[PDB]
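Take a look at this one chain, the form deposited in one PDB entry, written out in structure tokens.
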């Protein structure tokens, strides 16, 4: 009779099995999102997801109920005031997620509410993947792959009562209503509609690699999907199913290579590896994490996080990240190294926390997992091997256009110092209108020296 679907992740109406199941047999249905009362970019992306769902719901004679407050306190009030008997959610594997939900399920049964749970934030049941592997998370992407290639296939991806809503809670809140601010548009608009738009574009574009050859960045693509996958605006099975069909249609081969799926499988690998380990995002007490004597250096952390390291490659990556909420993985790998095992010898937990506040596609699991691997703290498997924060940028973008773009103060520098401007003669700096040490900081560390010492440090811990 009375049903509620609770959005957390999975902010879509496509491939929503828990929602599809919840509407089955219900006389009424309310879609609900609960706001607890982390930078403006994630927050804005969130609000646009919510606003986006509401718009689609309105299209459907329904509308989104954004409830303000806490789940454990909101739900008994709802169950009673709305005479709910069914409540459904997407499955959340994240260790803290499981807990909250296991608790809302105890409450649910207290009010004799039925609780529909359905997996769809991942391609697989991770519990099952663990079972094969001996009741043990694969700690290697290879074994993990070896294991999913041997995994069963796939099954492709009533009214609502409103009143006077758009303010009695239930309306989507605004940046201002949260304590911000203002921003300046948004390189990554949030929501399902945006996400189904970019999937179309993305598929069209990947279609022009293997049956269209000819040549056409480090910049946000207008076909990029990572943030949409993190919030569930885009279903990962939809993505998958359409990826397969593209491969089979352009490559004429109905048995694609797992590497077509890397973006997806890496995601899954970390969800699997984290779901049973609540200390996954810490070093101490994290059973899979090597214990490393990282330093406490707030001031070094600060320069790193605020992109004032004096290494433009590093600083450009960090300001692109702070401004927009996304950065290419190669840049993730550069700034991660520089902060941890490469240069600064600061804990990966510290970089994890920064990324959580600024990175749009950061899940608890993915974020922790990456920082652990990137800093060589787990997931051993292929030594990532730190590339130079001068040479590695120089290798990628010889003219330093990416640098001029995100660090305009340096716009006036020649491509032969744009990566290492402290090596510009005084006359050049003057002509560039940027005195190194005055208008842009000097390098916070000697790179050669720092990685030298840092490689030492690391092998003392493996004698």
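Positions refer to the first chain, counted from 1. Here, rigid core means the biggest group of C-alpha atoms that superpose within 1.5 Å across both forms.
What comes next is about the form solved in complex with a small molecule, which is not displayed.
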item	value
Triplet 390, 402 and 416 all within 4.5 Å of the small molecule in the bound PDB entry via a heavy atom	no
Answer range among 75-83, 158-166, 265-273, 195-203 for contact with the small molecule, defined in the bound PDB entry as heavy atoms within 4.5 Å	265-273
The unique member of 124, 355, 345, 91 whose heavy atoms fall within 4.5 Å of the small molecule in the bound PDB entry	355
Interface residue in the bound PDB entry among 386, 336, 305, 243, criterion: non-hydrogen atom within 4.5 angstroms of the small molecule	336
Contact flag, residue 105 vs the small molecule in the bound PDB entry, heavy atom cut 4.5 Å	no
Contact flag, residue 322 vs the small molecule in the bound PDB entry, heavy atom cut 4.5 Å	no
Contact test in the bound PDB entry: residue 373 vs the small molecule, heavy atoms, 4.5 Å	yes
Distance check, residue 237 to the small molecule in the bound PDB entry, heavy atom within 4.5 Å	no
Which one of 109, 291, 382, 174, by Cα shift of 2 Å or more between this form and the one not shown, core superposed	382
Residue shift check between this form and the one not shown, rigid core fit, residue 164 Cα at least 2 Å	yes
Shift in CA distance, residue 195 and residue 165, in the bound PDB entry relative to the form shown here, given it is 3 Å or more	farther
Residue 52 and residue 165, C-alpha gap in the bound PDB entry relative to this structure (3 Å or more)	farther
